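Accompanying notes for the structure given below.
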Amino acid sequence: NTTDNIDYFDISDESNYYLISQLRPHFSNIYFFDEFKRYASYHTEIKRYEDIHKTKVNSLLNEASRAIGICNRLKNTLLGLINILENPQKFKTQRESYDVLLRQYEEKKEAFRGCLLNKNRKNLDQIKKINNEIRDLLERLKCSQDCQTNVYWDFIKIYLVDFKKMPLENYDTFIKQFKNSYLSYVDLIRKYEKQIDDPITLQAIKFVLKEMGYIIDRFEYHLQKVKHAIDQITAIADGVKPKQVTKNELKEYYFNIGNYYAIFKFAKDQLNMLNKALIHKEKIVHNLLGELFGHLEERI
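Under our numbering, the sequence shown is numbered contiguously, ending at residue 395.
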């Protein structure tokens, strides 16, 4: 097999509000529930959030993983097609045309991504329910007009330190190197299709390049999302430092920095996975080009 996992497929719901990943915890919103555990431990009135987290948040997370796993049968079928399409030797030892296999790939890709969303729809509703319960729990803060913002500000300072650990410049360097090499390969295959008589090898390379393009798009999408999250929290740190605020304001403060930090934490893992997926595709492309040039040498 040329490809052993397809963790790089993701899907958003129709409202574009939630993004579902195959990587646990599957939604960045779960990391928000995790960050709120940290905020609540500094407010005596809401320390009971720890019991909400260990019951409702843990159950939601395990329900999310269960939903993802319901789609494993479609995933395995899709992996089977991918491995025929990427591998000329496997294509030559079956009898479906390359065009029929490509159409089946498109159908199974959308059925698999659709399963990831469909089986998680009730989980998305439960995110909204737990968010609402957190908003209600915050009512128990004693303050009303005079809520202190020191915990909020302290966590912004922590987040800025955490942001420095992320290889953000290296990710820019990587996706640029990779996009440029991708576009070079695409242009190169377009020339080879006229100079080299090897449609079995060329069609497989073209397919792998098509996959690489999908994964590049995902990388760029998640990279823009985490840069936006860092920029938003950085602008808070660079802006007017609050004094005391109303309880309603403090709720929104924690939801804002908790959700953007959750986006950052979730993007870390998603980008690392997509970087690995792109390196894996590079390996496959180069080995296919080895075959292409070796066949060309043989035909002189």
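Note that CB positions come from ideal geometry on N, CA and C, so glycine has one too.
Using a Cβ distance threshold of 8 Å, determine whether the stretch 194-207 contacts the stretch 240-254, with at least three qualifying pairs required.
no
In the DSSP output, what is residue 340 paired with across the bridge?
242
Compare the beta carbon distance of residue 376 and residue 295 with 8 Å and say whether it is the shorter of the two.
no
In three-state DSSP terms, what is residue 395?
coil
Excluding sequence positions up to five away, which residues of its chain have a Cβ less than 6 Å from the Cβ of residue 359?
Excluding its 5 nearest sequence neighbours in each direction, residue 359 has C-beta neighbours in its own chain below 6 Å: 321 and 324, listed in chain order.
Residue nearest to residue 223 in terms of C-alpha spacing, selected from 165, 151 and 259
151
How would you call residue 228, buried or exposed, if buried means at least 16 neighbouring beta carbons within 10 angstroms?
exposed
What separation, rounded to the nearest whole angstrom, lies between the Cα atoms of residue 255 and residue 336?
15 Å
Nearest to residue 163 by alpha carbon, out of 355, 96, 131 and 219?
The shortest Cα separation from residue 163 among 355, 96, 131 and 219 belongs to 219.
Whose CA, out of 108, 111, 131 and 103, lies closest to the CA of residue 119?
103
Quick one: what's got a C-beta closer than 8 Å to residue 165's C-beta in the same chain, skipping five residues either side?
210 and 214
Ordered along the chain, which non-local residues of its own chain (more than five positions away) have a Cβ less than 8 Å from that of residue 106?
114, 115, 208, 209, 211 and 212
For a minimum of 4 consecutive residues, which ranges assigned as the alpha helix (DSSP H) are wholly contained in the stretch 134-187?
144-147, 153-165, 167-181 and 183-187
Nearest candidate by alpha-carbon position, reference residue 368, set 390, 326, 393 and 315:
315
Could you check what DSSP says for residue 387 in three-state terms: helix, strand or coil?
helix
Alpha helix (DSSP H) segment containing residue 231, residue limits
Segment 216-233, the alpha helix (DSSP H) holding residue 231.
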